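One structure below.
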Ligand SMILES: *[C@@H]1O[C@H](CO)[C@@H](O)[C@H](O)[C@H]1NC(C)=O
């Protein structure tokens, strides 16, 4: 296995800014899709183990 | 002064499945349980 990593796409792109969060919603599912992808990796570490 | 960003983490919810029950448990990931009593 490898270290499970969770990133919050919004906290990384937009550190505590409402303005940046409102602009980030103009992209839509891009932020959620990248958390879905890292969750699929994090879960299959426990599967591999 | 050191500046540390305020406590944050992923939050996971644990459920029996809803048909079985409306109870849930919340896992505040990477948070010490002194920080949530200090903290919609
Ligand atoms: C939920 O599970 C019960 C069995 O415990 C079943 O009878 C019921 O139909 C299930 N709910 C749905 C929406 O299918």
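All Cβ positions, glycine included, derive from the backbone under ideal geometry; neighbour counts span all protein chains shown. No value in this document is a laboratory result; all are computed from the given coordinates.
What is the protein assembly as shown by shape, rounded, prolate or oblate, if you read a ≥ b ≥ c off the alpha carbon gyration tensor as root eigenvalues and call it rounded for a/c under 1.5, prolate for a/b larger than b/c, and oblate otherwise?
In terms of gyration-tensor shape, rounded.
Measuring from centroid to centroid over Cα atoms, what is the spacing of segment A:1-32 and chain B in Å?
So the two Cα centres are separated by 18 Å.
Which FRET efficiency, nearest 0.05, do residue A:34 and residue B:27 yield, Cβ-Cβ r, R0 25 Å?
Given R0 = 25 Å and the Cβ-Cβ separation, E is 0.70.
Per residue of the protein assembly as shown, what 222 nm ellipticity follows from adding -39500 (n - 2.57) for every DSSP H run with n ≥ 4, rounded to the nearest 500?
-11000 deg cm²/dmol
Once a ≥ b ≥ c are taken as the square roots of the eigenvalues of the Cα gyration tensor of chain B, is the result rounded (a/c under 1.5), prolate (a/b larger than b/c) or oblate (a/b not larger than b/c)?
Cα axes put chain B in the prolate bin.
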